[PDB]
Every structure is written in structure tokens, then in C-alpha cells.
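Below is one structure, written out as C-alpha cells; the observations come after it.
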Ligand SMILES: *[C@@H]1O[C@H](CO[C@@H]2O[C@@H](C)[C@@H](O)[C@@H](O)[C@@H]2O)[C@@H](O[C@@H]2O[C@H](CO)[C@@H](O[C@@H]3O[C@H](CO[C@H]4O[C@H](CO)[C@@H](O)[C@H](O)[C@@H]4O[C@@H]4O[C@H](CO)[C@@H](O[C@@H]5O[C@H](CO)[C@H](O)[C@H](O)[C@H]5O)[C@H](O)[C@H]4NC(C)=O)[C@@H](O)[C@H](O[C@H]4O[C@H](CO)[C@@H](O)[C@H](O)[C@@H]4O)[C@@H]3O)[C@H](O)[C@H]2NC(C)=O)[C@H](O)[C@H]1NC(C)=O
């Protein structure tokens, strides 16, 4: 098919997850075709490596989506630096 | 060309976790010849032979082979207790009978943590939006995730495979797509999750605008 | 107690 540009959203931790020593930052990448894509995470210019990215899933409109989850010490979600997802 | 191969399947998670459903293990025999369609099945539960398995109708594959299937009902708690299920398959195109064993994964079960996350601000400009149910820290990876609104299943969601986290437990995310206007209305959406480690195998989390 | 999911019984203890 014709290629499709992904929409990329970074979702913050749920107020409910704030009870743990670590929180999850969630990246939703959706509406992409083909299924080959690279997700990177950064905080104030530095690479973040403690993440897992799901394989692409075929979506109902025939594009793919995926999610990437960065797990970070909750200390740091309280030091403040913006964590951000990129393709 | 063969002869046969045996695939042993476990129950669906939803059937092992719901007392109102019936879990079964399924012993599937493929590449059974037309010359020798006759298959003998032996079943065992933790090494002990059982006799309550039932053979399904033989299925013509139209490729010179039949598919021959034996089904064994399992007790919910037996599965969840980790008992071993063995299917032994004999057939004249087989030098030795084939044995296959399955059970629940071995490891300390871990409760999933379930968090629902609203669409991003950035998504509010589109015709449909995404509600995310993040389910993390679970073990083993057998899990059911569904969504609902006002009593009724939502069908328009997709769920990633479980993905293995470094600590040996799993996570996944389920994405429910709804018209931006259904979200705008302030309707309550729920992510229901079934897993062995939750109290009574069930949790539900909701969110709205 | 018991869990229900959509009016179907999940589990009780
Ligand atoms: C002649 O044809 C037959 C039939 O094949 C079909 O027809 C032909 C014309 C073609 O169109 C084929 O594409 C069709 O398959 C051929 O039979 C096939 O042989 C394959 C091996 O040669 C065998 O491959 C192995 O498949 C395993 C997975 O099987 C799953 O998934 C497939 C789809 O992926 C599905 O079609 C299969 O039936 C089977 O489906 C699951 O079945 C179980 C049990 O029925 C279900 O679980 C039960 O469900 C009930 C309710 O329904 C309830 O929940 C119960 O509690 C529960 O137990 C389950 O839900 C089904 N799931 C799905 C998703 O459908 C693989 O795991 C296996 O991989 C392993 O082995 C490999 C090496 O072989 C390794 O590489 C690998 O790493 C793994 O270890 C193989 O891929 C096919 O399944 C089989 N097809 C069928 C339909 O049986 C035959 O090969 C051919 N012969 C010749 C000589 O040409």
C-alpha cells in the first residue's frame, strides 16, 4: 500500500501508578504503514534505555500501531525532566 | 509423506479463569494418511492414565491427510495447580508412538497492575481517539483483556501480545478506539482484566473525560 | 465473595 505517517503520543503515568517505586511512561505510535519502525526515548537530550516496545499490531483500518513503555525510578518523575518518545 | 505430527494445545486463559466456562486440552494429530487413518490416544494427568477424553469427528483435509483430534476436559483448579497433561499418539505410520506434554508455566504468579490512560491532548483533533489499558507485572502470561461501556462489550479494540519484561513478568497494552464524540459525551469506559493472581481472577478499571 | 463479568460468573472464594 501507500506509506502512512505515524501519529506519536507520549502518555504520562496514571495517578494510580504513583504508589510504586517505578512509573510507566507510555508511547502510542499509530496509523503507520509499513510496519517497520524505530522508537527512541530521551529525557532532556540524553538517551533512555530502560524501555520495551511491543511488536506492531495490525489495526482495524489496515495501518499498524504499537506501544513503547519506558520504566523510570519514580524519584525522577519527581525531579521533573520531560521524557519524550520518538520514531 | 510423513507420517503424522502431534500438536498439544492448552486451554484458553478465559476458560481456565472463569468457573462458568469449561477449559480443555486439545491433542491434534495432522498428516494422518488415508491408508491408515486409525489413531490410538493415551491421556495422563501427572503421570496417571485418564479415560474421559473424547475424539472429535475425523476431518478430511483434502490434501491426502486427515486431522484427528482428541479433547480432554480439565478441572479449573487442576490446571491452575500446574498438573501435567500428556497425550500419547499411536499410528501404523509411526515407528514409535508420539508423546506430548503440556501444563501451566512454572513460576511465582504475579498480579497484574492495571492502569487506564486517556487519549493524549494531541489526539483530540482526530475523528477517533485511543483509550489505553496498560497491564504490567503479570505472571504467567495467560490473561484476558476486554473493554466495555454501559454494560456491553466494546469490540473495536486491539491488544498487543504479552511482552516479556526484564524481571520475568509480562506487560501488554490494549487500545480501544472510539469516536471522539463518544469520548466527548463523557461516557464511562472500562477495561476488564482476568488473570489468576487477581482476587477472584478479575479486575476492572474505568475512565472518562 | 464472587466476581462477575457482564453477568457471567468468574470466580468465588
Ligand atoms: C494438509 O493440510 C493440513 C491442514 O492445513 C490447512 O489446510 C491447508 C489446505 C492449508 O490451507 C493450511 O494452511 C491449513 O493449515 C495441514 O495441517 C497443518 O499442519 C501444520 C504442520 O505441517 C500445522 O502447523 C503447526 O501449527 C501450530 C499452530 O496450529 C494452530 O494455529 C493454526 C493457525 O496458525 C490453526 O490453523 C491450527 O488449527 C491451530 O489452531 C489452534 O488449534 C487449537 C486446537 O484446536 C485451538 O485451541 C483450542 O480451541 C478450542 C476452541 O476452538 C478451545 O479453546 C480449546 O480449549 C483449545 O484447546 C486454538 O484456538 C487454535 N488457534 C488458532 C490461532 O487457530 C504451530 O504451533 C506449529 O508450530 C510448531 O511446530 C513448528 C514445526 O512444525 C515449529 O517451527 C514451531 O516453532 C512450533 O513449535 C505448526 O505451525 C498446522 O496447524 C496444521 N493446520 C491445521 C488446521 O491443523 C497439513 O500440514 C497438510 N499436510 C500436507 C502433507 O501437506
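Protein chains in written order, with PDB author numbering: chain B, 341 to 427; chain A, 235 to 443; chain C, 1 to 13. Every residue, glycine too, gets a C-beta built ideally from N, C-alpha and C.
Query raised in the report: Comparing alpha-carbon positions, which option in B:396, B:385, B:359, B:361 lies nearest residue 376 (chain B)?
Result: B:396
Query raised in the report: Relative to the alpha-carbon of residue 427 (chain B), which residue among B:394, B:351, B:381, B:366 has its alpha-carbon at the smallest distance?
Result: B:381
Query - Rounded distance between the beta-carbons of residue 299 (chain A) and residue 264 (chain A), thought under 8 Å - result: 7 Å
Query raised in the report: From residue 333 (chain A) to residue 320 (chain A), what distance separates their C-alpha atoms?
Result: 7 Å
Query raised in the report: Under 7 Å from any heavy atom of ligand 1, does the C-beta of residue 320 (chain A) make it?
Result: no
**Report entry** Partner residues on chain C for residue 253 (chain A), Cβ-Cβ distance less than 8 Å
**Finding:** 9, 10, 11, 12
Requested in this report: Count the other CB atoms, across all protein chains shown, that sit within 10 Å of the CB of residue 338 (chain A); report buried if there are 16 or more and exposed otherwise.
Outcome: buried
Query raised in the report: With distances taken from CA atoms, which of A:324, A:322, A:430, A:391 is nearest residue 424 (chain A)?
Result: A:391
Query raised in the report: Between residue 349 (chain B) and chain A, is there a C-beta pair that is closer than 8 Å?
Result: yes
Report task. Report yes if the C-beta distance between residue 244 (chain A) and residue 336 (chain A) is below 8 Å; otherwise report no. Result -> yes
Report task. Can you give me, in chain order, the residues of the segment 397-408 of chain A that have a beta carbon less than 9 Å from any beta carbon in chain B? Result -> 397, 398, 399, 400, 405, 406, 407
Requested in this report: With a cut-off of 7 Å, give the chain-ordered residues whose Cβ is closer than this to any heavy atom of ligand 1.
Outcome: A:235, A:236, A:239, A:241, A:243, A:244, A:245, A:246, A:249, A:257, A:258, A:259, A:260, A:262, A:264, A:265, A:295, A:296, A:297, A:298, A:299, A:301, A:303
**Report entry** 8 Å CB neighbourhood of residue 402 (chain A) in its chain, flanking five on each side removed
**Finding:** 341, 373
Report task. Would you please state the rounded distance, in angstroms, between the beta carbons of residue 356 (chain A) and residue 363 (chain A)? I believe it to be under 8 Å. Result -> Actually they do not touch by this definition, with Cβ atoms about 10 Å apart.
Query - Proximal chain C residues relative to residue 387 (chain A), where beta-carbon distance stays under 8 Å - result: 6
Report task. Please list the partners that residue 423 (chain B) has in chain A, where partner means a Cβ-to-Cβ separation under 8 Å. Result -> Result: empty, since nearest Cβ-Cβ is about 14 Å, beyond 8 Å.
Query - Assigned secondary structure, residue 256 (chain A) (DSSP; H/G/I helix, E/B strand, else coil) - result: coil
Query - Euclidean distance between Cα positions of residue 3 (chain C) and residue 248 (chain A) - result: 14 Å
Query raised in the report: Taking any Cβ of chain A, which residues in the segment 376-400 of chain B have a Cβ under 7 Å from it, in chain order?
Result: 392, 394, 395, 397, 399, 400
Query raised in the report: Anyone know if the C-beta pair for residue 317 (chain A) and residue 284 (chain A) falls short of 8 Å?
Result: no
Query - Distance CB(residue 425 (chain B))-CB(residue 363 (chain B)) smaller than 8 Å - result: no
Query raised in the report: Out of A:251, A:352, A:267, A:367, which has the shortest C-alpha to C-alpha gap to residue 310 (chain A)?
Result: A:251
Query raised in the report: Who pairs with residue 413 (chain B) in a beta bridge, going by DSSP?
Result: B:362
Report task. Would you mind sorting residue 325 (chain A) into buried or exposed? The rule is 16 or more other CB atoms within 10 Å of its CB. Result -> buried
Requested in this report: State the Cα-Cα distance for the pair residue 196 (chain A) and residue 348 (chain A), rounded to the nearest angstrom.
Outcome: Because chain A here runs from 235 to 443, residue 196 (chain A) falls outside it and cannot be looked at.
**Report entry** Contact belief for residue 405 (chain B) with residue 348 (chain B) at Cβ below 8 Å, rounded distance in angstroms
**Finding:** Residue 405 (chain B) to residue 348 (chain B), Cβ: 11 Å. No contact.
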